[PDB]
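# Fold and contact review
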Number of protein chains: 4
Amino acid sequence: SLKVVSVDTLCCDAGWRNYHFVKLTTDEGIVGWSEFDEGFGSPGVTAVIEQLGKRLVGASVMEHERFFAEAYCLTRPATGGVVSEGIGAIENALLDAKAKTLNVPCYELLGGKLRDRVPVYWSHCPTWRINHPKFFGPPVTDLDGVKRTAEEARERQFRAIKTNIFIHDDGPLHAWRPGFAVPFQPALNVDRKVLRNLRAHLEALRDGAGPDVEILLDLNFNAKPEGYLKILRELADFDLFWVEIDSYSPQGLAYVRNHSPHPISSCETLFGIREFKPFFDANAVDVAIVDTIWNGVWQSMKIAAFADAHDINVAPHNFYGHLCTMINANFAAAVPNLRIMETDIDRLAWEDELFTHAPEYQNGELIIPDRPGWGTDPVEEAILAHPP
Amino acid sequence: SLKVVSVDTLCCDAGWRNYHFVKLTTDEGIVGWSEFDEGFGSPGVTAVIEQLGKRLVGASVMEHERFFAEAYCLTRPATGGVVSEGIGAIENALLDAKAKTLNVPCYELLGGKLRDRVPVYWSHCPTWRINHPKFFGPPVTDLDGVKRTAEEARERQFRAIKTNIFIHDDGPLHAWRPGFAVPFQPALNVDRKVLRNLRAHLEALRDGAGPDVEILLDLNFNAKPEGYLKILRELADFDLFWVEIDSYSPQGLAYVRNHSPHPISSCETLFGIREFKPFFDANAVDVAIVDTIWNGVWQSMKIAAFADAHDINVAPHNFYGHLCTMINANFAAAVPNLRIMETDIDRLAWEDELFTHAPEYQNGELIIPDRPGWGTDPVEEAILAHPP
Amino acid sequence: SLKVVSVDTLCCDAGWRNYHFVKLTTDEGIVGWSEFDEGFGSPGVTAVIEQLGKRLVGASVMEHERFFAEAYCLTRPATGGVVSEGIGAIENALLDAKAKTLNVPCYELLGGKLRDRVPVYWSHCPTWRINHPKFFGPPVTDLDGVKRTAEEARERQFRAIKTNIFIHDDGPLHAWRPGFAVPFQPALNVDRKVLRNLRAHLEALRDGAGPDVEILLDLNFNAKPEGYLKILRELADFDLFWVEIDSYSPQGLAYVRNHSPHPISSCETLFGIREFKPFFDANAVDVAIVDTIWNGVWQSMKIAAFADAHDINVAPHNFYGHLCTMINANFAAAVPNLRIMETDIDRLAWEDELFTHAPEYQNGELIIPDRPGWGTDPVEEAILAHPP
Amino acid sequence: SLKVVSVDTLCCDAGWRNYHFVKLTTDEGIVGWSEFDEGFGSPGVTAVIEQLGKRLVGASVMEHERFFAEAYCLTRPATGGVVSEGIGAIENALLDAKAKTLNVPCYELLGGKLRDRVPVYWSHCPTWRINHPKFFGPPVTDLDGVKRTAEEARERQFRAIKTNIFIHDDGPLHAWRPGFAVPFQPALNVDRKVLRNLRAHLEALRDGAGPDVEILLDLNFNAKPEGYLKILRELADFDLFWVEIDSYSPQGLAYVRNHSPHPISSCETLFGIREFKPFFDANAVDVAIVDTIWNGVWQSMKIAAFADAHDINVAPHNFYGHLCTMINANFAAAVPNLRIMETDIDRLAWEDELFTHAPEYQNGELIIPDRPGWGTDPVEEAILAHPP
Ligand SMILES: [Mg+2]
Ligand SMILES: [Mg+2]
Ligand SMILES: [Mg+2]
Ligand SMILES: [Mg+2]
Ligand SMILES: [Mg+2]
Ligand SMILES: [Mg+2]
Ligand SMILES: [Mg+2]
Ligand SMILES: [Mg+2]
């Protein structure tokens with residue numbers, strides 16, 4: 001039969017965080033997989049999946065939009081956030097299982113591919129080497145290291161890199177992430193210290209990158225509109241591919257964009273057309289970042305179509321393990337209005353052990369695989385060799 | 001291989017109009033079919049398809065969104081209307097061929113089904129018996145016939161019927177379709193004659209229908225906002241499932257809806273999220289009618305998702321041959337936010353000859369088939385036995 | 001010291017659902033309590049609280065807005081929903097502990113009381129007797145029972161009752177809750193069956209209530225704007241205190257209200273001023289329902305002030321155990337712009353065992369207690385006598 | 001009589017495309033002509049005209065707005081695009097025939113002329129010499145050729161030239177037209193390569209043009225708002241007469257204009273006041289380009305009046321054969337709010353064979369002819385000497 005027989009979750013060590021997986025098995029023995037995350041502000045996703053998966057057992061593996069519709073009904077009052085992340089993770093395992101059942105790559109379920117390769121940017125560059133040097137080396141501890149990291153990206157034929165906010169001139173190099181309470185300074189004001197350190201960091205990065213490697217700047221939720229404007233004025237003459245600002249104020253973000261000489265990207269934390277809509281109605285973004293790991297890829301196709309009608313291109317949010325990269329590769333293959341795809345090029349020493357296949361890059365582009373499903377499977381024995 | 005080898009068009013007599021078909025053949029010998037129309041104000045669709053199909057030969061049958069994206073590029077300046085109808089017809093033949101290649105019904109490509117049966121309304125009731133009595137009988141020529149037709153719908157367990165505008169008290173019964181120049185009276189004013197004949201007709205229909213069969217009223221493009229308001233005021237105390245008004249004025253239609261005591265439906269003539277958007281932004285509709293035959297079903301899924309975010313349910317436009325009904329059945333199977341499905345229950349005497357399978361209704365609902373593809377194929381020998 | 005030493009969660013059987021509690025202990029041995037829920041579409045709240053509570057240990061019990069600010073930072077990306085419910089539950093335990101530390105009732109932290117008694121409505125009336133007759137009797141199985149339940153409310157001096165949607169004429173009496181997939185009919189259409197059963201039910205309720213007991217109607221998320229309008233038209237001549245409609249479409253809900261002859265209430269599922277704002281900007285509500293159990297009472301005071309500036313009165317969402325009632329009583333005591341307070345008068349046979357104090361009603365009003373903290377404590381031994 | 005007796009279509013080779021013509025004959029033997037196009041994304045126009053022309057036979061040649069009104073009715077559902085192009089082509093042949101019947105130039109039907117000469121810009125300069133060197137020479141293959149072409153325009157007393165997007169530094173010189181799938185890169189992203197090649201091309205053009213010849217830049221549909229902004233920022237210090245951007249997003253185009261230091265033109269692909277209106281309401285354009293060949297000149301007068309009330313000047317879209325130039329010359333003669341007129345100065349070697357009269361330019365202006373009708377007639381024998 002095509003019934004779902006079981007929905008299980010798994011977790012393994014990823015150094016400074018864990019990876020999580022959904023494992024869905026059908027009556028025929030097909031196994032669909034997804035990867036999800038709890039580290040990025042999302043405690044409780046596993047608990048959601050465990051409850052929702054119980055309702056799925058006995059249903060058709062083929063009927064993923066039925067599952068979505070029922071799940072949305074069952075959790076309507078507390079929809080969004082971690083509930084919606086659980087639903088998305090299950091969706092992504094359903095899609096894998098369905099594609100495997102039909103012996104096709106997942107992009108074959110998504111309209112077919114319309115490109116073979118996807119341009120990427122090397123994300124958390126040099127953020128991972130600065131923040132998690134125990135896992136991603138060589139460690140970066142000063143402006144010369146920042147420069148060398150951009151040189152390495154250039155040498156390795158990557159066409160774009162993304163950094164965050166770093167303080168260089170007040171002790172050991174450290175990230176500035178007050179929006180996530182590191183440090184706890186909840187007003188999120190921007191001062192001369194933030195501005196001059198942003199400038200110093202970005203100048204070093206540009207010096208290493210050369211003029212032909214693009215630089216993206218992610219500000220996450222680390223200011224208010226007032227402070228974002230201050231940052232954009234400071235950096236008015238810099239060449240930036242985008243400045244990324246997460247906000248729950250469509251009006252405030254739109255004000256910021258209207259005064260920006262740089263492209264503004266946002267939306268990586270939002271769910272469904274409903275949450276994206278106020279931003280598009282307000283002209284708040286140049287680029288919409290879609291987290292397909294959170295939303296589910298089928299739901300993400302809906303969001304992509306919605307963006308397309310507003311002539312907005314989309315970029316996947318992708319900063320997890322190899323399975324997330326392959327999930328996003330399939331989305332990226334099928335979406336016409338694709339800006340670029342995020343990926344982390346800094347990998348854990350045991351990353352390749354955890355998965356059957358690793359993503360392949362050539363000349364700054366990700367090669368889209370053609371195996372049934374997403375293109376890689378977590379390896380159960382290897383997961384258990386890396387307890388969280 | 002999975003290459004498209006040929007794209008052909010066919011045409012046959014349908015009494016007072018013709019049916020048209022796209023026939024797409026793959027290198028493996030799989031044949032995908034769609035049905036399209038030129039009679040509903042759409043001269044030139046065949047010519048579009050013939051040009052676009054030439055570009056498709058040699059491409060992958062699996063890559064339908066690639067074809068769509070390329071076709072949109074190639075025809076961008078004159079997009080919409082008959083160009084977009086040609087693109088939609090090809091899309092629908094691509095989907096059939098893809099589903100057949102994967103040995104699944106077309107709804108398996110659309111998210112899977114989430115219902116097995118679809119409530120319908122019996123459309124052009126008694127419009128077809130009044131306007132085309134040579135083909136659909138018994139002929140209706142007076143108010144007693146109108147009543148009897150609604151009684152027949154009731155007896156046959158249909159839960160809803162749709163009529164149009166008819167003049168009963170000025171000679172032989174005849175339709176009032178000034179928006180389509182029958183008669184040519186281009187101001188489209190509404191007067192006492194129109195209003196009293198609408199009332200007389202609908203009262204007869206209600207008398208026959210009983211209180212539990214729902215009545216839909218289609219006004220097409222037959223007035224201006226002024227006249228639609230006059231009609232809604234006249235019929236303020238009638239129980240109507242919807243009043244259907246086509247308009248290229250989102251502001252005017254929204255004004256009409258705001259003053260309507262009945263649900264308003266519209267949009268059957270529109271293409272893509274872009275054309276629907278101004279109506280939804282204006283709160284112009286209770287129900288959005290989506291013509292999936294015109295748009296292509298894949299594009300129609302995008303429109304349905306967009307409507308869903310606005311909490312608007314959708315209904316397919318379906319008033320052609322059996323293949324169009326089966327196309328729409330697959331769309332209807334997969335869309336959560338489904339209002340109801342249109343179908344014509346009055347059929348040509350040779351309709352079943354033209355197709356391998358006929359739609360099946362039970363207790364006022366359409367049964368969704370489970371054969372690979374749409375669920376029915378045109379029959380080439382039978383097409384040629386009915387030259388247009 | 002005033003440090004938090006521990007944050008624990010507890011759970012007990014509540015018949016057809018469970019109750020959940022946060023237990024927070026200070027270095028001085030003061031215990032603060034809250035009650036939270038996972039049954040109303042909210043799997044995962046316990047998991048959130050368990051993670052967040054670990055961060056709270058060692059912090060000052062007095063610094064609740066510091067905890068809130070830090071928690072919001074830590075979970076910013078997946079804020080709202082179950083994450084925000086966990087934060088609210090912890091807030092409410094912090095407030096209890098703070099008030100106990102200062103030897104005052106919780107309303108003393110909220111601006112002081114400005115009334116001594118709170119008018120209530122008897123909620124889920126007769127919903128609980130129809131849906132959960134094993135726990136709340138006497139069972140209601142027909143229209144005569146509906147009438148008798150309203151008579152009982154009248155006799156017992158309650159001034160208002162709230163019901164939901166019930167189907168009486170298609171087999172055994174049963175609720176109509178398609179928005180929560182009972183039944184699974186995800187389009188949420190409204191038909192003659194829904195409308196005539198709403199009318200029959202409400203007429204029976206009114207017959208029992210007399211003209212001086214007010215009737216509230218809760219539609220939850222059980223239609224689309226189209227269907228809500230159909231319901232409001234059907235019930236246009238009924239005297240209703242409010243019609244309650246949950247929606248994630250401020251534009252659609254505002255359209256519905258603009259065409260309503262009844263007061264419209266909404267918002268019970270929303271978090272923070274940010275989520276309420278689009279509804280108020282759109283003139284979408286007469287009354288804003290605030291779930292203080294979900295939001296935290298301190299955050300709910302902010303929302304109440306925001307509503308006050310829009311001249312909108314607020315009502316607590318209160319349909320859980322006695323501790324939730326006492327939490328809401330303290331909020332209700334301090335808010336000037338208070339519409340009314342929800343409470344369930346149907347109680348479990350073991351409810352009073354679970355808590356130290358029970359709410360007291362007189363002449364249709366809740367008496368606001370004056371004990372330190374919320375006014376009642378869960379009893380640990382009794383919780384364990386009722387395993388979930 | 002003044003009846004239309006026949007409506008015929010003709011087609012001839014125009015090198016890399018064909019020309020098409022409508023030939024309308026009256027009972028008195030007067031022949032009215034128009035020219036139309038299928039190459040610019042418009043397959044099917046001939047088929048539309050063939051159907052509509054059948055309805056016209058027997059009607060008065062004088063009653064062109066009657067024909068328009070009836071045609072709009074008959075094709076209302078699929079209006080716009082290729083249907084509307086067919087209607088426009090017939091309109092333009094009706095106007096020619098009417099003017100010839102009354103022995104006046106066509107501008108005498110349009111309010112009379114209010115100027116004798118029309119300033120032009122030399123369009124597709126050097127686009128035609130780069131893209132179609134087999135037909136328009138001398139071939140342009142490098143930046144020096146670009147410069148020399150602008151020098152030639154200067155020498156020949158043209159006051160303005162228009163170019164498109166060209167890639168010079170990646171192999172043989174080639175156009176960048178992703179919006180029309182040359183190349184197929186459907187996201188339409190703009191990168192450093194596009195930007196530096198735009199700059200290099202335009203700098204060469206300016207070097208040749210001198211400071212007193214104006215340069216127009218046409219971007220067609222080749223980016224999204226994000227990319228148009230990137231282009232405008234790159235070219236912020238260039239002196240451009242206009243930057244032309246086609247868009248189906250009035251909101252997105254308006255955003256772009258609001259951030260442009262150059263005049264923005266658009267609308268060449270739009271039909272009727274209805275399609276122009278959302279752009280004008282949004283302040284999306286400095287200049288409205290009106291395609292009178294597509295719309296019909298009578299309809300184009302309506303659009304011009306509408307633009308006039310918004311204080312927007314209009315420019316004809318004119319890049320076809322001599323008859324299109326003469327059609328547009330008559331429109332340009334009568335419209336007060338005229339920005340400038342497009343024309344191609346690069347002509348096919350056989351162009352003058354195809355028509356009775358050629359347009360005359362003096363000192364950068366087109367001389368408006370004073371012969372009955374448009375001012376030139378296609379020559380039937382010459383059409384047949386150039387089979388398509
Ligand atoms: Mg980010
Ligand atoms: Mg979020
Ligand atoms: Mg219709
Ligand atoms: Mg249309
Ligand atoms: Mg409620
Ligand atoms: Mg909610
Ligand atoms: Mg142009
Ligand atoms: Mg167009």
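Residues numbered from 1 in each chain as written, not as in the entry; some residues may be left out. Chains lettered and ligands numbered in written order. Part of a larger assembly, values for the part shown. Heavy atoms only, no water.

- Structure determination for this PDB entry is given in the record as X-ray crystallography, at a resolution of 1.700 Å.

### Topic: the overall build of chain A
- Along its length, chain A carries 14 helices and 15 strands.
- Scaling as 2.2 N^0.38, a compact globule of 388 residues should have a C-alpha radius of gyration of about 21 Å, and chain A matches this with 20 Å.
- Along the first, second and third principal axes, the C-alpha set of chain A runs to 65 × 45 × 40 Å.
- The proportion of buried residues among the 388 residues of chain A is 68%.
- Of all intrachain contacts in chain A linking residues separated by at least 6 positions in sequence, the fraction that spans at least 24 positions is 72%. (Helix = DSSP H or I, 4+ residues; strand = E, 2+ residues; numbered from the N terminus. Rg over C-alpha atoms; globule rule 2.2 N^0.38 Å. Buried < 20%, exposed > 50% of the residue type's maximum accessible area, 1.4 Å probe, protein only. Contact = heavy atoms within 4.5 Å.)

### As for the packing of helix α3 (residues 81-101) of chain D against helix α11 (residues 297-309) of chain D
All names here are of chain D.
- It is the contact of α3 with α11, at a shortest axis distance of 8 Å, that shows an interaxial angle of 100°. Comparing their axes, α11 and α3 come out roughly perpendicular. In this structure, α3 uses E91, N92 and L95 to contact α11, whose residues at the interface are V297, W298 and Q299.
- Tallied by class, the residues present in the contact of α3 with α11 amount to three nonpolar, two polar and one charged. (Axes fitted to C-alpha atoms, helices over the stretch in contact; angles between N-to-C directions. Parallel < 35°, antiparallel > 145°, perpendicular 65-115°, else oblique. Nonpolar A, V, L, I, M, F, W, Y, C, P; charged D, E, K, R; others polar.)

### Comments concerning the UniProt feature "binding site: Mg(2+) 1" (unreviewed entry) in chain A
- The residues that UniProt annotates with the feature "binding site: Mg(2+) 1" (unreviewed entry) are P77(A), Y248(A) and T269(A).
- Mapped onto the elements of the fold, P77(A) is located in the loop between α2 (64-74) and α3 (81-101).
- In contact with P77(A), other than residues within four places in its own chain, are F40(C), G41(C), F180(C), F221(C), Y248(C), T269(C) and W294(C).
- Mapping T269(A) onto the fold places it in the loop between β10 (264-266) and α9 (272-281).
- On the basis of relative accessible area, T269(A) is assigned to the buried category, the value being 4%.
- Apart from the residues within four sequence positions on either side, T269(A) is in contact with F40(A), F221(A), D246(A), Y248(A), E275(A), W294(A) and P77(C).
- In this structure the side chain of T269(A) is engaged in a polar contact, spanning 3.3 Å, whose partner is the side chain of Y248(A). (UniProt positions renumbered as here; feature names shortened; annotations may be inferred. Polar contact = N/O pair within 3.5 Å; in protein donor to acceptor, adjacent residues only side chain to side chain.)

### What about the coordination of the magnesium ion (ligand 3)?
Residue and element names in this part refer to chain B.
- In the first shell of the magnesium ion (ligand 3), the protein supplies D218 (OD), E244 (OE) and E268 (OE), at 2.3 to 2.6 Å from the metal.
- Every donor residue of the magnesium ion (ligand 3) comes from the same chain, spaced as D-x25-E-x23-E. Here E244 is found in strand β9 (residues 242-244), whereas its partner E268 is found in the loop between β10 (264-266) and α9 (272-281), with 24 residues between them in sequence.
- We classify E244 as buried; its relative accessible area is 0%. (Donors = N, O, S within 2.8 Å, 3.2 Å for Na, K, Ca; no water.)

### Observations regarding the interface of chain A and chain C
- Opposite the 35 residues of chain A that make contact, chain C presents 35 residues.
- When the two sides are added together, the surface that chain A and chain C hide from each other amounts to roughly 2,700 Å², 73% of it contributed by carbon and sulfur.
- Together, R76(A), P77(A) and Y248(A) form the three largest contributors to the area buried by chain A at its contact with chain C, with a combined 24%.
- Viewed at the interface, chain C and chain A are joined by zero salt bridges.
- Run the count over chain A and chain C and you get six residue pairs in polar contact. (Buried area = accessible area lost by both parts, 1.4 Å probe. Salt bridge = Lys/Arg side-chain N within 4 Å of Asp/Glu carboxyl O.)

### Overview of the relation of the copies chain D and chain B
- Of the transformation superimposing chain D on chain B, the axial component is 0.0 Å and the angular component is 180°, with the fit at an RMSD of 0.0 Å. Each copy turns onto its partner about a two-fold axis. Relative to the rotation axis, the closest C-alpha in chain D is found at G44(D), a distance of 2.5 Å. (Least-squares fit on C-alpha atoms.)

### A word on the state of the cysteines
All names here are of chain D.
- In total, this model carries zero disulfides over all chains according to the counting rule given.
- The thiol sulfur of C11 is not disulfide-bonded, and the nearest other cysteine sulfur, from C12, lies at 6.6 Å.
- What makes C11 partly exposed here is its relative accessible area of 25%.
- Accessibility expressed as a relative area gives 0% for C12, which makes it buried. (Disulfide = S-S within 2.5 Å.)

### Looking at unusual backbone geometry
- Following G137(A), the chain continues into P138(A) via a peptide bond in cis, with omega recorded as 0°.
- Assignment of secondary structure puts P138(A) in the loop between α4 (127-131) and α5 (143-155).
- Here the bond from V182(B) into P183(B) is cis, since omega is 0°, no more than 30 degrees from zero.
- Positive phi is not limited to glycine here, since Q157(B) has a value of about 75°.
- Mapping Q157(B) onto the fold places it in the loop between α5 (143-155) and β5 (160-163).
- With a relative accessible area of 42%, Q157(B) lands in the partly exposed category.

### Digging into the environment of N222(C)
All names here are of chain C.
- For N222, the position within the fold is in the loop between β8 (214-218) and α7 (225-234).
- With a relative accessible area of 4%, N222 lands in the buried category.
- In this structure, the C-alpha to C-alpha distance between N222 and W176, residues 46 residues apart in sequence, is 7.9 Å.
- Once residues within four sequence positions are removed from consideration, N222 is found in contact with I165, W176, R177, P178, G179, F180, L188 and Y228.
- There is a polar contact of 2.9 Å between the side chain of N222 and the backbone nitrogen of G179.

### Thoughts on the interface of chain D and chain B
- Facing the 35 residues of chain D at the interface are 35 residues of chain B.
- For the chain D and chain B pair, buried surface summed over both sides reaches about 2,700 Å², with 73% attributable to carbon and sulfur atoms.
- It is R76(D), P77(D) and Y248(D) that lose the most area in chain D upon contact with chain B, and together they represent 24% of the buried surface on that side.
- Connecting chain D to chain B are zero salt bridges.
- Our enumeration of links across chain D and chain B arrives at six residue pairs in polar contact.
- Elements with a contribution of two residues or more to the side of chain D that touches chain B: α1 (45-56), α2 (64-74) and α3 of chain D.

### Thoughts on the relation of the copies chain A and chain C
- When chain A is fitted onto chain C, the two copies agree to an RMSD of 0.0 Å after a turn of 180° and an axial shift of 0.0 Å.
- Here 100% of the interface residues in chain A have copies in chain C that are interface residues too; the copies meet face to matching face.

### A look at the coordination of the magnesium ion (ligand 1)
- Looking at the magnesium ion (ligand 1), one finds its protein donor set to be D218(A) (OD), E244(A) (OE) and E268(A) (OE), positioned 2.3 to 2.6 Å from the metal centre.
- Mapped onto the sequence, the residues coordinating the magnesium ion (ligand 1) show the spacing D-x25-E-x23-E.

### What to know about the UniProt feature "binding site: fumarate" (unreviewed entry) in chain A
Residues and elements named next belong to chain A.
- Summarizing the sequence annotation, UniProt attributes the feature "binding site: fumarate" (unreviewed entry) to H124, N164, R177 and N220 in the numbering used throughout. Spanning 97 residues, the annotated positions come together in the fold, the maximum distance between their C-alpha atoms being 13.6 Å.
- Here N164 is to be found in the loop between β5 (160-163) and β6 (166-167).
- For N164, the contacting residues outside a window of four places in its chain are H124, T127, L198, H201, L217, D218 and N220.
- Within the structure, the side chain of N164 is placed 2.7 Å from the side chain of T127, a separation counted as a polar contact.
- Take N220: it is sitting in the loop between β8 (214-218) and α7 (225-234).
- Using a relative accessible area of 10% as the deciding quantity, one classes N220 as buried.
- Every residue in contact with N220, bar those within four places of it in the chain, is listed here: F40, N164, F180, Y228, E244, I245, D246 and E268.

### Looking at the packing of aromatic side chains
- If you walk through the whole model with that rule in mind, you get 82 aromatic pairs over all chains.
- Relative to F21(A), the ring of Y19(A) lies with its centre 6.4 Å away and its plane at 80°, an arrangement referred to as edge-to-face.
- With relative accessibility at 3%, the residue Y19(A) sits in the buried group.
- Assessed through its relative accessible area of 0%, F21(A) is described here as buried.
- Between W298(A) and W298(B), the aromatic rings sit 6.1 Å apart at their centres with planes inclined by 85°, giving edge-to-face as the arrangement. One end of the pair, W298(A), is in helix α11 (residues 297-309); the other, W298(B), is in helix α11 (residues 297-309), on a second chain. Here the two residues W298(A) and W298(B) agree in accessibility, since each one is buried. (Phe/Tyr/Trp six-rings, centres within 6.5 Å; stacked < 30°, edge-to-face > 60°.)

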